[PDB]
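Participant: Pasting a structure below so you can have a look.
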Amino acid sequence: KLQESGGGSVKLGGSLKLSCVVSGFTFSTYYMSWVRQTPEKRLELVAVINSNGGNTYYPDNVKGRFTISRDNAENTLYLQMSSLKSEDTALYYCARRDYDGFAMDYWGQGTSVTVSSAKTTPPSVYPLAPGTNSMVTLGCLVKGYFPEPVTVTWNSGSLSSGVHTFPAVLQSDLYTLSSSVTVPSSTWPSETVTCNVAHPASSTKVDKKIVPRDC
Amino acid sequence: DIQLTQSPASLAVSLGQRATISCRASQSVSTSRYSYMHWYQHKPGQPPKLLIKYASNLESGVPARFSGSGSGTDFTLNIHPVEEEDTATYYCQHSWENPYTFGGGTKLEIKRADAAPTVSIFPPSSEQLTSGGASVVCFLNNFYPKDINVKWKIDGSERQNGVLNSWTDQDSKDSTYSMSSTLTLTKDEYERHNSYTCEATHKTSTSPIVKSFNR
Amino acid sequence: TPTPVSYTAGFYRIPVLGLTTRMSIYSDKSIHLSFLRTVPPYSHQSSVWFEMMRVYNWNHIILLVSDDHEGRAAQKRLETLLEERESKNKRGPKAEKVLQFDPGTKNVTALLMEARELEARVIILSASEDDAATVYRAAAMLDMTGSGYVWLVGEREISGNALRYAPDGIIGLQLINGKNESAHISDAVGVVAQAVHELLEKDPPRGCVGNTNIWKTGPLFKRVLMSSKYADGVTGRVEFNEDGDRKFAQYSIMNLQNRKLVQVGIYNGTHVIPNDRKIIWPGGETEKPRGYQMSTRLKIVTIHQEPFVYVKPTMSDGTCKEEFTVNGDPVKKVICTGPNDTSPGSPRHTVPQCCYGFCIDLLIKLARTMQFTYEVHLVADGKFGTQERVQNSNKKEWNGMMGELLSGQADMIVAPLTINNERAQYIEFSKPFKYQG
Amino acid sequence: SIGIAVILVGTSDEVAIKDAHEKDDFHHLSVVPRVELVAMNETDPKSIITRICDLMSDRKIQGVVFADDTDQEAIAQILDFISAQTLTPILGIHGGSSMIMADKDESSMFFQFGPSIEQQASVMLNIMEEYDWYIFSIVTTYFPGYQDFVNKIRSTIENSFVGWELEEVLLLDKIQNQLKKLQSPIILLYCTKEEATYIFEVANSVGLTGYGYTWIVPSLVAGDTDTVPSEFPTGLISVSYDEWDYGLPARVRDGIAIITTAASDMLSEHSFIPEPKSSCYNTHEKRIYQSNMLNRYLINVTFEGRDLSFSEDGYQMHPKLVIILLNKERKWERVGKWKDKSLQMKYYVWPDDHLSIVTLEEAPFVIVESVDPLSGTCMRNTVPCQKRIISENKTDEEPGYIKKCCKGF
Amino acid sequence: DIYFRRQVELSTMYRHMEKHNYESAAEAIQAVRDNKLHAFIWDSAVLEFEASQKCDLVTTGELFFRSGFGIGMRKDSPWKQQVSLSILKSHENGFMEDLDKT
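Chains as they are written, first to last, in PDB author numbering: chain A, 3 to 133, 138 to 221; chain B, 1 to 215; chain C, 103 to 190, 206 to 319, 324 to 558; chain D, 34 to 206, 215 to 392, 403 to 460; chain E, 711 to 812.
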């Protein structure tokens, strides 16, 4: 249906062109708008544009900050952000297609934009694996890096098994997290696994095997 | 502008019960023939899909257990029956002469499966000490409700400082919430203690569930 | 329904006959001038239900009106039908309570809760079949599908969306089956043939080209078509009236039998003829129950008026003070649930107070006499209540005690009942207990 | 640019349309309201519908503001059949494009100019309470909105102090006998103006036109004041629309101002202009949206003080009406001006038995009474008693026009 | 109020009654004791009982109206039976006079 993209890490006052791909419909038969969803569960509706762009609307904070544009051939209308601040750290979606129809009906999975002035860094991942082995937990500590979002999957994306990814506290603007899965102790005192601590905003994919400290 | 107020923000009901989801406005948003609103749903990992139009009008094939009504400033929704698949993130968005105000946002819990979870405890490893931190990891996935009281203890000392939380959604296959935790220390305090333990209170645990390990 | 095709005919006026539709908006003689119909709109079954009294001698009904022109017009037709019994046992239709249907597209329980109280074993209405299917499970949850509850719906039930259905045994009707298109066409051909046999007693314009004048001979042909009686159609004698109105004086009566419309009988001119094969009821009965069960709870409203009523504040335990008479006998107390009204406006307390005076002991003696049970209330208005005009609706409405009793919200009233013509016009009265001036 | 269309069937006054256009002072413009058409002396409504398809082929049209120099409510019914069906909001200021009589659709968007029939009846109550006359009959033909009309008038009479106690209604859906049945010094009537010639012939046959009785009609059957039938009697007063000062460049500028203000709310608050349509049947796939397309900004508009709020009657809520009197030469002569619930004074021509009466205040035989300002100025059983305005003796001391009410022995 | 609205002669005083209308009977009871009000119109029984109980209050004339007190019943109620007959029975033993003695 739809895919909002073009996100990533950006500094305070920086620039970023957000992308919004049309997937499977004609594009100039309705009205467009764009929303941003905060991690604090607040709707930041960005802007309104027309199918010819003849009706561009911003709210007051978007006035003087952000810019909307059209790509009518590729059907991927863009939002060009500028003078970004920390309240713009949010997920970002789109909202369209009520067919006059002056509401909006199609929202997507979207992308994430974060606005912080810290330095992007690859993380330090170190395994958590007990050794009896009465109660076991196949985890890892990921600590001292930047930025969010964080995608920790296990065994190269083949094990779902209730992954529990952490929110952050920020020690010297390089935050720390953790990650933890438990398989039972009947199948793992020995069967070593890998772990994909993939941070897309850091653009890294590290590989750390989960080896037990004791037997 | 007309403002939307929704209650209860953390809805916890049982299945089969006619669950009432109220929405109160600050001004009448209707006329004789129609009204401007749209009520909808999504999972937090899912794209938003439209559910209810203008006060009540149904979209594509939602289960018809949901039945929304209300007019003027009041708006309701009857979920009869409730399914286990309703752990959703949702509200309605005000559109009456202003398609910009959005609802307060209520969240879904399911009062069905109260349980006591299995707890796994492991202090960090030796290769984990190269990062400088020390995270004693926890794990819990069989319990209701979501927000629990997590305590930690190191040789009798209360160590609520530096406690990381991870509350995830309740499983749609189990209706039980899931949580993992870490106790973030430094690398010097790890080589002086051995007993690192967590505590956690639920509905089926009058006493906090304590699990101790000897490092 | 091709509406503008009909609407174009209203300028170069053409006698038109309607084949299919039973919509009551086409009966409007202001715009739909010469638009006759082979089938009457659905208000004819209100006349069928006015025939249904003194079929089994039935005398109580509570109605639900679709908030639309259809239900309002059917209500007007049955209201004009109920203006009878001008002689010269008085067991005719007397319950006659009206509620509203169309806002029950979501919730009907506020109406059904009132419906289950007021001694109803009655049929109610025809409705939209979707909300009819909602009230079929709603009233079954409220247990209105019982044995004594007589149920009849009408024409829109027969549609397939009403199959969340109708407890087994509920009467349907078929007035005009009529859907032989040979019988639809050729009977109209005979009607217009008998018409033109008098239209030969000695020209419309060229359609929609410049001339917009009304062909007056069309409306002059309307009075001749007010005489074209065709007594020998395929559907029998074809009749008419001023606005459509086939006047088919026959129907056929069926009820459900495990969702099978098993025919119970027919109608013939003036004879409702039951081909009595099987009599089914929603509780699986075979009798013909009627009336209701008479209740015994009476909630009497009043205002504080010494020395008839002595509203007094109760003690800390909720009971009254054990006060005596002049001979040491205690005054009989009744915990009277008043309104909020411990202060003018809306006080936070809504406290049941005490009750002494004339009418308290009088009502206690009357309850011991008539041997019935007992409830109490006080009026929140505090006024006797006049027929004050409601603003911007030109309707004069009573207040006070008559704001509750004429609204049906209250039972019988003991009061300082000052008697006039209007209160006797709306409230039936006993003989004067205490003569006054 | 916003394609709008104006046509007045009959006029030749394009320079007034250019003066109403006047596109230089428009500092506050939306997308440009282009408007151009040509007139055609044709009453064929199917030709009008093919011209609607012609405007949709011209691809710019969304709504029109047009009229005709006839009195045909049938085309207003046609508008209710068609333009109220599809999309079209239409405002019409002339004659039958102003006179709406049959109904208003519930899914409608168009609107015709003029006040409500009960509002006009309220104007008649105002002027007849000024002249202290009382209707003691009523004759009325069959017309849409008649039972509620007589119910509203009678229910207004029931709340008053001095009312019109009459001789209840003779609905005319023995004509000379039925018109000889009711009698009144002042008679309130309604009849269709095409039938009113025959009805006034019957009234002349029964002599009701010759008894010194005055007849008051509403404006909708008081159609255009330049042609009166001879059987229409003399001395008839009526309240009507401003035919004297409200012409073409006022009405076209008012329509274009209402349309552009509805635009400059609809494309500004919501930043959403609707799309113009191309077909007259195949455009249905997007005009199914009985939706946010339905205008709320249409019912509340003012421009340079001239308000326009209108209810669901097809009539506005702030009308400006004049009161005209039919002379003996079949001439409608303006005698009074009715602004919003107020009257004007200048030409109170109130009209032998007429005898002058003088008196002096001596108790208890005389006025001990003021005039109540609100509820029936002379209250009950009290003749209005005019008094000379004793002013400064350089202007004229006005006889009358400060009044009291005489009770006394 | 309906009686004086119906009488066109009493319409002159009816506007003064509109000027000084009252919500409850206790207001008109206290107001003549505070001498703001000079007259209050009411049914005879309450006025005789209050003049007998409270002093400084007397009634001046006679029966300006003549009426009685009934029982309110919704129309065609089956309990219109025997209610006036029970009134006659309370008349038969003088039970109304026992209530007056009470």
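Quick reminder that beta carbons are idealized off the backbone N, C-alpha and C, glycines included.
For E:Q717, does the three-state DSSP call read helix, strand or coil?
Facilitator: Coil.
Participant: If contacts are defined as beta-carbon pairs under 8 Å, then D:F344 and D:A298 qualify, I think. What distance do you get, rounded to the angstrom?
Facilitator: Yes, they are in contact, since the Cβ atoms of D:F344 and D:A298 sit about 4 Å apart, within 8 Å.
Participant: Rounded to a whole number of angstroms, what is the C-alpha to C-alpha distance between C:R139 and B:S69?
Facilitator: Whole-angstrom Cα-Cα distance: 39 Å.
Participant: To the nearest angstrom, report how far apart B:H193 and B:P123 are at their CA atoms.
Facilitator: Their Cα atoms are separated by approximately 10 Å.
Participant: Taking the alpha carbon of D:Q357 as the point to measure from, which residue in D:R347, D:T121, D:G43 and D:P270 has its own alpha carbon closest?
Facilitator: Among D:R347, D:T121, D:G43 and D:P270, the Cα nearest to that of D:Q357 belongs to D:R347.
Participant: Can you list, in chain order, the residues of its chain with a C-beta nearer than 6 Å to that of A:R72? Leave out the 5 residues immediately preceding and following it.
Facilitator: So the qualifying residues of the chain are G55 and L79.
Participant: Would you identify the three-state DSSP class for D:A100, choosing helix, strand or coil?
Facilitator: Three-state result, D:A100: strand.
Participant: If you run the structure through DSSP and keep just helix, strand and coil, what is D:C86?
Facilitator: In the structure shown, D:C86 sits in a helix (DSSP, three-state: H, G or I).
Participant: Closer than 9 Å, Cβ to Cβ, to anything on chain D: give me those residues from the region 181-203 of chain A, in chain order.
Facilitator: The region 181-203 of chain A vs chain D, Cβ under 9 Å: nothing.
Participant: Would you say B:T5 lies against chain A (beta-carbon separation less than 7 Å)?
Facilitator: No, its Cβ sits nowhere closer than 7 Å to a Cβ of chain A.
Participant: What does D:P66 touch in chain A if you count any residue whose Cβ is under 7 Å from its own?
Facilitator: In chain order: nothing, as chain A lies at least about 15 Å away.
Participant: Helix, strand or coil, according to DSSP, for A:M106 in the structure here?
Facilitator: Coil, per DSSP.
Participant: Could you compute how far the alpha carbon of B:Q6 sits from the alpha carbon of B:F102?
Facilitator: If you take the alpha carbons of B:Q6 and B:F102, they lie about 10 Å apart.
Participant: Cutting at 8 Å between CB atoms, please list the residues of its own chain near D:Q118, excluding the five before and the five after it.
Facilitator: Same-chain partners within the cutoff: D138 and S140.
Participant: Chain C beta carbons: is any one of them nearer than 7 Å to that of E:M783?
Facilitator: For E:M783, the answer is yes, since a Cβ of chain C falls inside 7 Å of its Cβ.
Participant: Would you verify that the beta carbon of A:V37 is, or is not, closer than 7 Å to some beta carbon of chain D?
Facilitator: For A:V37, the answer is no, since every Cβ of chain D falls outside 7 Å of its Cβ.
Participant: Using a C-beta cutoff of 7 Å, does D:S116 count as contacting chain A?
Facilitator: Answer no: the Cβ-Cβ gap between D:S116 and chain A never drops below 7 Å.
Participant: Is the distance from the Cβ of A:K211 to the Cβ of A:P129 below 7 Å?
Facilitator: Not in contact: A:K211 and A:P129 (Cβ atoms no closer than 7 Å).
Participant: So, is D:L406 buried or exposed, given that buried needs 16 or more other C-beta atoms within 10 angstroms?
Facilitator: By the 10 Å Cβ count, D:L406 comes out exposed.
Participant: Who pairs with C:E518 in a beta bridge, going by DSSP?
Facilitator: C:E509.
Participant: Under a three-way DSSP split, which group does C:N159 fall into?
Facilitator: Three-state result, C:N159: coil.
Participant: Report the neighbours of D:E139 on chain B: residues whose CB is nearer than 8 Å to its CB, in chain order.
Facilitator: Chain B residues near D:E139: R33.
Participant: Below 7 Å on C-beta distance, what does C:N515 contact in chain D?
Facilitator: Result: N184, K185 and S188.
Participant: With distances taken Cα to Cα, identify the nearest neighbour of A:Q82 among A:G8, A:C146 and A:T188.
Facilitator: Among A:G8, A:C146 and A:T188, the Cα nearest to that of A:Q82 is on A:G8.
Participant: Is the region 310-317 of chain D in contact with the region 45-63 of chain A, if contact means three or more CB pairs nearer than 8 Å?
Facilitator: Touching, yes.
Participant: Since I believe A:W160 is in contact with A:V169 (beta carbons under 8 Å), could you give me their beta-carbon distance rounded to a whole number of angstroms?
Facilitator: Rounded, the Cβ-Cβ distance is 6 Å, consistent with contact.
Participant: Am I right that residue 31 of chain D and D:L158 are in contact with their C-beta atoms under 8 Å? What's the rounded C-beta distance?
Facilitator: Nothing can be reported for residue 31 of chain D: it is not among the residues displayed for chain D, which extend from 34 to 460.
Participant: Roughly how many angstroms lie between the CA atoms of C:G466 and C:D502, to the nearest whole one?
Facilitator: About 10 Å.
Participant: Who are C:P473's beta bridge partners in DSSP?
Facilitator: Answer is C:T458.
Participant: Just the Cα atoms here: how many angstroms apart are A:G103 and D:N333?
Facilitator: Taking the straight line joining both Cα atoms gives about 6 Å.
Participant: Taking contact to mean at least 3 C-beta pairs separated by less than 8 Å, is the region 29-43 of chain B in contact with the region 62-78 of chain B?
Facilitator: Because the criterion of three Cβ pairs below 8 Å is met, the region 29-43 of chain B and the region 62-78 of chain B touch.
Participant: Would you say D:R337 lies against chain E (beta-carbon separation less than 7 Å)?
Facilitator: No, D:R337 does not count as interfacial toward chain E.
Participant: Is it true that the CB of D:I94 sits closer than 7 Å to the CB of D:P274?
Facilitator: Result no, Cβ atoms of D:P274 and D:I94 do not sit closer than 7 Å.
Participant: Cβ closer than 9 Å: which chain H residues qualify as neighbours of D:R431?
Facilitator: Looking at the structure shown, chain H is missing, and the protein chains on hand are A, B, C, D and E.
Participant: What are the boundary residues of the alpha helix (DSSP H) that D:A49 is part of?
Facilitator: That run of the alpha helix (DSSP H) goes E47 to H54.
Participant: Counting only beta-carbon separations shorter than 7 Å, does D:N323 have a partner in chain A?
Facilitator: Not an interface residue.
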